[PDB]
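Single-structure report; data block below.
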Amino acid sequence: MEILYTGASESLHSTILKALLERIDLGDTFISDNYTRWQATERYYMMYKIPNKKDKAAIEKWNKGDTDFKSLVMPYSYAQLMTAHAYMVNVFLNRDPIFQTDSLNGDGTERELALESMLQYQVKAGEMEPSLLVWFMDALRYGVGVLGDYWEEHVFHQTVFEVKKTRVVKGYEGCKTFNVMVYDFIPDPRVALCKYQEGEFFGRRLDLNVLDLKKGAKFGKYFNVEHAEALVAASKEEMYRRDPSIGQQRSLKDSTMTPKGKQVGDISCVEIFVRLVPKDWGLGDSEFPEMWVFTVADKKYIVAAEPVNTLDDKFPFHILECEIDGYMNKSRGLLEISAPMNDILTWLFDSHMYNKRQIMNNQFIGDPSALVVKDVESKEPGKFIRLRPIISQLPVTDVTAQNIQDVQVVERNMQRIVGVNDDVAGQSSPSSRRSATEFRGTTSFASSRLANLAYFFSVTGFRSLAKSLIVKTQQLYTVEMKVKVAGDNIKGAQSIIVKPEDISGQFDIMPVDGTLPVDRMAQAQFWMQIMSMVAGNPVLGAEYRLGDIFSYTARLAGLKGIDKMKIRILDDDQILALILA
Amino acid sequence: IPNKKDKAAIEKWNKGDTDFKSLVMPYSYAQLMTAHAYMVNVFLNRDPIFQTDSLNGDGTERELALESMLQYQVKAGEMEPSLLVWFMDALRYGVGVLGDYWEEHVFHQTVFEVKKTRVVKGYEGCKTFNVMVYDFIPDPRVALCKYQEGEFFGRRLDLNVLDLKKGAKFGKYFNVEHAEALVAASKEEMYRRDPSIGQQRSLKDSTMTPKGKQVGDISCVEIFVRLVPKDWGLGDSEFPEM
Amino acid sequence: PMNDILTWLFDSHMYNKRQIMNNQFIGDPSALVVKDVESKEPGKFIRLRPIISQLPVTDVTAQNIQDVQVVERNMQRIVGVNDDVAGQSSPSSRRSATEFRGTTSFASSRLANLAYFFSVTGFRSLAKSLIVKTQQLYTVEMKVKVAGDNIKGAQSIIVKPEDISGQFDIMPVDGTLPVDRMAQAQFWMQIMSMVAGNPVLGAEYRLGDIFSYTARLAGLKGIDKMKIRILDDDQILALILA
Amino acid sequence: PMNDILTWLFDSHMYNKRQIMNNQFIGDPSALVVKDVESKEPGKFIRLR
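Encoded structure:
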C-alpha cells in the first residue's frame, strides 16, 4: 500500500506517524536506561586512564631528552577478552562447512548436499563472516550482540561505449547480514531481551543515500521521495567518547554539490517490524494479527510500508548475551565483571613504581669541612682524597618489594572470577561419543566455562541465524535459479522440489552446529565397507543398484567430479529439463 | 555494601589517582558455574538428549521412529534454552521449575498480488516454558519431593490482548469481553534491587493505538485441580476428575 | 559463611597494607641542609653526619596465605567439587551387563551422584511426559510425516489406546547409562556374517531386512532409497490395513 | 565428639588471630611533629630522632 503525506490531521499518514512515534518513544527508554554502562565498557577496552598531575612534567622531560614515568593500566584483563574471542573464532568461523546439516527421516538425506552447497556459496559470496566476527566480539565486549539479515538484489547499469550503448548486469542475489550498533537498535522494553521474538516491535536506526533512494524509487519499494528528498538534514545524539575523533563528526560537512544539480548525502531513517491487525491500523480488512514493515524517515515522514511474505513468523534479527540467567537482567560483559579486580591489578603496580621513583637513588652523607672538595668531584681509576673516612652511604630499603606475592594471588583470583584458564585438574581424558560414531570431532573438554559458554551461544543465536538462513534460502530461491548455483548435485528431482507447507513446517531437515561436528570421512569409509560386502551375496546387489551408491559416496567424499567423469557426461540445461513434473 | 572510605576512593578515582575499592572473593561463585558446566556436559551437551530402549522387542521396531520424533521435536521446539535456564535455577535457588504445553502455531499473511490472504499451517509440537521461582504456587500440605501427589499447582502469567482476542475465535477463551478493559495490574514480589533496574518500565506501559483500541497485557493465573463434578457442580459423576 | 570468612581475611590484609607500607625517613632537620635533601640526582652530597634513619616497618599479616589455603580446602570439603577424599583409583567400570557404555569420565566425584539424582527425580519424569504426549496427541495423518521411512510398517506406528497409557513395551533411558549403537551394529554385523553360512540360519530369517535395519541403525538413513524399488511418500500411509 | 575437637582449635585459632594481629606503633608524642606522622606520601621527613 502507499501512504502520501499531505497536511491533513486525519490521514492514514498522520495516525500511523503518531502511533509509530509513540512506539519509538517507548522503545528509546530502555536504550536510555542502559547508556552509561555500555559506555564505560568502551573505556576499559581502550584502557583509557585520567592523567595524573605528576604526569605532565614527565612528558616534558622526554622532549628535553630525559627519561621519566608515564601512568599506565595493567592489560591483564584486556588479555582474557581477546583470548576468549580467539577461542570462539576457532569453534565456529575457521572450519570448512561453517554451516552444516543433518536429516532424520532420510528424505532429507537426499536433499542434504544441495542445501549445504547453497549455504556454502551464499555465505562465502555474501561477505557474512566479517559481520560475524563483529557479532561475537560485540557480545563479548559489552554483553549483547545484535545481527540482522535481509535479502539483497544487486542490479546496476554500465556503459560499453562502443557506439554509446548501456548494458544491464544481473549482479549478485543472496542473503546479506548487516551488523547493528549497540546504541541504535530499539528493543521492546516489556519483554526481556532474550525473548525478543515474543514482543510487539523491534527497531533500529539507519541512513539512506539520496542517490540510493532515487535509484530505488523506480524499483517500486519507495514513495513520497519527491518531497522527502529536500530534507538532507538530521542529527546524531548518542556518541561514545574515546574511540572516534570529534572529527569523526565532520560537523555535518556532508553533501557535495553535484555539478548541474542537487547535492548527494543521507537522510536519517528508522526501521520497525510490527505485528498488527490491519483493521485496527486501518490498512486493511481482517481480524487476525499480521506482521508488516513500516519505515519512518526521521520523525516526520514515512517512505515505505509493505506486508511480509516470508513464511517464518520470527523477526529477521538475532541476539546474543554473555550471561546465562535468562530472566530480565542487565547483561554483564567480562570487562565489567573484571573491572574492580583489574583496578587492584593496576594499583599496586602503580604504587610500586612511584615509591621506587621517590626513594631509589645513590647519594652520600658527609661533612664537607674536612674533605678536599675538588677531589671528591672527580672520576679516575685511582684517586686519594685527603683525610679520614667521614663520608657515609645512605641506607635505603624498599618496603614494597613483596608486592609480587600479592600480584600473583590477585591474578589467580581474577582467573577464578573470569574462568579462562582456571585449573580443573586435567583428568578430562575421554572424548566420549554421541552414539552414532559419525558425529564427533575435536572433543577437547569443558575448558570450564569456555566450552559451556559456547554451547550457550549455539543454542541461543547461532541456531537462529541458521534457521532463518535455511528457511529464506529454501523459500525465496526459484527453481529457474535453483538449477543454477547448485549444479550437478541435483541427481534427482526429489532433492530440489519442496512443498510450500513442508518448508514452513521444517519437517525433513535440521541444522547442526560445529559443537557436535559431522565427520563424513568415516561415513565414506563405512559406506565403502558396506558396498564392498554388498558386492558379495548377489541378493544384496539385486535389492540395490551399485553405480548410484558409488557416485553418492564419491560426491560425499568431496570429489565432486565423478559425475563429470562418466562416459555420458550429461549436465547443463539438461538438468532443468530433468525435473519431471 | 560500600565502605565509608569507598566514597573518598571513588572521588579520588574521578580525580584519577589510585586507591582501593572493596570487593568479595569469587571463589564460591566459581563452583556454581563449574558444576553447571559439568551438568551441561553430562546432560545437554549431547544431541540425543533422550534415548529409548525396549524390553518386549515389540517396541524395538518402534524405537527408531520414536527417537526420530523426539529428536525433531526437541530440536525444533527450542527446548534446550529452557533446559539451560532450568538446571541453573536449581543450582541457584535450590529449586528448578519447568512446565510443558502443546503448541499449535497458525498465522495469517498477505501475498499482495491481487490483495489475497494466505493461511500458513505453521509448527505443531510440545514446547516448554520456564517458570520463575517467585511466581509458581505449590501446595503447602505436600512436600516438593512428591509435589506430583499434591492437589493443585499454580503459576502466574500475562496474556497479550492481541493474543487473547485472537484465541477468542479459537474457542479456548470466553468472557473476553468484560475482561478486556482491564489493562492495569500489580507486581507483589519483585526481586533484588540488584538485577532489574528499579522498574524497567514505571507503569504497565501499553501503547495507545488509534481507532479505539488498546494493546497490552492482563495478569492471569493458571491452576490445575482434581475435583468431583457433582461436588463442584460442573457435572454428574462421583469419582474424582482432573 | 565460608565465603565470608574469605572476604574478611583478604580485606583485612589489603587494608592494613594500605595504611602503613610506605617509604619514609626519620631525622633532625637542624643539621641537614634542606635544599639538598629534596633534590634527586645521580650523586649528591648532603652536608654533615648521618643523622637520618630509615623507618622499620613489618607486616604481621604476611602469613595469611596459609590460612587462605586451609579455608579454601575446607570450602572444597563442604561443597565437594574437587574434593580429594574421593582419592585416586583406576576406573574399571562395568555397570551394565551388556553393551551399555561402561566406564566414565569420572567414576564418582560425588558430583555424579547428585546428577544421577537429578536424572531420576526430574529428567525421567520429563521424558515420560514428552513420550506420552508425543505418542498420544499426534495423529497418523501427521505421524506419517516427521518420521519417514523409519516407519517400515504399521507394526511400528499404531499404538493401542490403552498400550500408551500403560507404558508397556517401551521405556526412556538417560545418558548417565549411555547407549552405544556402534558396537551393536558391529555385533549385528558379525551375527549376519556367520548367519550367511550354515544355510539353515538363512532359512529361518530373511537377510535383506536385517541388512537394512543394521544400516539404518548405524546412522546411514539412506539405504531405503538406495534400493531399486525406492518406495516412499504417500505409499506409506497407504501401507496401512486397519 | 571428634568433630567437636575438629571444630574447636579452628575456632580458637581464629579468635586469637582476631584479638592480637594488628599493626600498631609505640612512641612518645612529646617529640614528634604529629601532623606529619598522620600522612601518606611517597617520601616525608618527620622531624626528630
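Taken in sequence, the protein lines are chains A, B, C and D.
For our numbering, add 29 to where a residue sits in the first sequence, where the first one is 1.
For our numbering, add 2 to where a residue sits in the second sequence, where the first one is 1.
For our numbering, add 487 to where a residue sits in the third sequence, where the first one is 1.
For our numbering, add 999 to where a residue sits in the fourth sequence, where the first one is 1.
Note that CB positions come from ideal geometry on N, CA and C, so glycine has one too.
Of all the options B:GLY59, B:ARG158 and B:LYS148, which has the alpha carbon lying nearest to the alpha carbon of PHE131 of chain B? B:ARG158
Test: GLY1042 of chain D CB closer than 8 Å to a CB of chain A: yes
Expressed to the nearest angstrom, what Euclidean distance is found between the alpha-carbon atoms of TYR31 of chain B and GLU352 of chain A? 14 Å
How about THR130 of chain A: is its C-beta nearer than 8 Å to some C-beta of chain G? Protein chains in the displayed structure are A, B, C and D, and chain G is not among them.
Given that a residue counts as buried once 16 or more other Cβ atoms are within 10 Å of its Cβ, and exposed if not, what is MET30 of chain A? exposed
Range covered by the alpha helix (DSSP H) that runs through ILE139 of chain B: Note, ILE139 of chain B: premise wrong, no alpha helix (DSSP H); not H, not E.
Taking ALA705 of chain C as the reference, which of A:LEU364, A:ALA551, A:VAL306 and A:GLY576 has the closest Cα? A:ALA551
Could you have a look at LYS199 of chain A and say whether DSSP puts it in helix, strand or coil? coil
Where in the stretch 317 to 371 of chain A do unbroken runs of the beta strand (DSSP E), each at least 3 residues long, occur, reported from the N-terminal end onward? 319 to 326, 330 to 336 and 346 to 350
Opposite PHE207 of chain A in the DSSP bridges: which residues? A:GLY177
Since I believe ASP136 of chain A is in contact with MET539 of chain A (beta carbons under 8 Å), could you give me their beta-carbon distance rounded to a whole number of angstroms? Actually they do not touch by this definition, with Cβ atoms about 13 Å apart.
What is the C-beta distance between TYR64 of chain A and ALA221 of chain A, in whole angstroms, given that I count them as a contact (C-beta under 8 Å)? Their Cβ separation, rounded to whole angstroms, is 18 Å, which puts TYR64 of chain A and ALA221 of chain A out of contact at 8 Å.
Within 8 Å, do at least three Cβ pairs link the stretch 257 to 267 of chain A to the stretch 293 to 313 of chain A? yes
Quick one: give me the first and last residue of the alpha helix (DSSP H) that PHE605 of chain C is part of. 599 to 605
Could you check which residue in D:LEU1047, D:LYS1039 and D:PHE1044 has the C-alpha nearest to that of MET508 of chain C? D:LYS1039
Would you kindly check if the distance between the Cβ of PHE190 of chain A and the Cβ of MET117 of chain A is under 8 Å? no
Verify the CB distance criterion: does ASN1022 of chain D have a CB-CB separation below 8 Å to chain C? yes
Can you tell me which of the three DSSP states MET147 of chain A falls into? helix
Separation of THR429 of chain A from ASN391 of chain A, as counted between CA atoms: 19 Å
Inter-residue CB distance, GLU243 of chain B and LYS232 of chain B (contact presumed, cutoff 8 Å): Not quite, the Cβ-Cβ distance comes to about 10 Å (not below 8 Å), so this is no contact.
Members of the stretch 100 to 119 of chain B near chain A, C-beta cut-off 9 Å: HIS107, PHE109, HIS110, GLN111, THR112, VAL113, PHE114, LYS117 and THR119
In this structure, how does DSSP classify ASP711 of chain C when only helix, strand and coil are distinguished? helix
Specify the secondary structure class of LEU101 of chain A as computed by DSSP and reduced to three states. coil
CB-CB under 7 Å to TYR34 of chain A, same chain, minus the five flanking residues each way: which ones, in chain order? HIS42, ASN253, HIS256 and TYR330
In chain order, which alpha helix (DSSP H) runs of at least 4 residues are fully inside the stretch 393 to 465 of chain A? 432 to 447
Check the Cβ-Cβ distances between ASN358 of chain A and every residue of chain D, and say whether any is below 8 Å. no
Check each candidate in A:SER493, A:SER561, A:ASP379 and A:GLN149 and name the one with the smallest Cα separation from residue 7 of chain A. Only positions 30 to 610 of chain A appear in the structure, and residue 7 of chain A is not among them; the question remains open.
Give a yes or no on whether the minimum CB-CB distance between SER457 of chain A and chain C is below 8 Å. yes
Could you name the residues of the same chain whose beta carbon sits closer than 6 Å to that of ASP515 of chain C, not counting the 5 residues immediately before and after it, in chain order? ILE538
Tell me, please, whether the CB atom of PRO659 of chain C is closer than 8 Å to any CB atom in chain B? yes
What do you get for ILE710 of chain C, buried or exposed, if any count of 16 or more other CB atoms within 10 angstroms of its CB means buried? buried
Cβ-based contacts, 7 Å cut-off: residues of the stretch 661 to 690 of chain C near chain A: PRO665, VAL666, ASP667, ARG668, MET669 and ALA683
Helix, strand or coil for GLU300 of chain A? Go by DSSP, reduced to three states. strand
Looking at C-alpha atoms only, which residue of A:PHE121, A:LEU569, A:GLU182 and A:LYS289 is the closest neighbour of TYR506 of chain A? A:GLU182
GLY574 of chain C vs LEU598 of chain C beta-carbon contact at 8 Å: no
How is the alpha helix (DSSP H) around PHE128 of chain A delimited, first residue to last? Element bounds for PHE128 of chain A: n/a, residue is neither H nor E.
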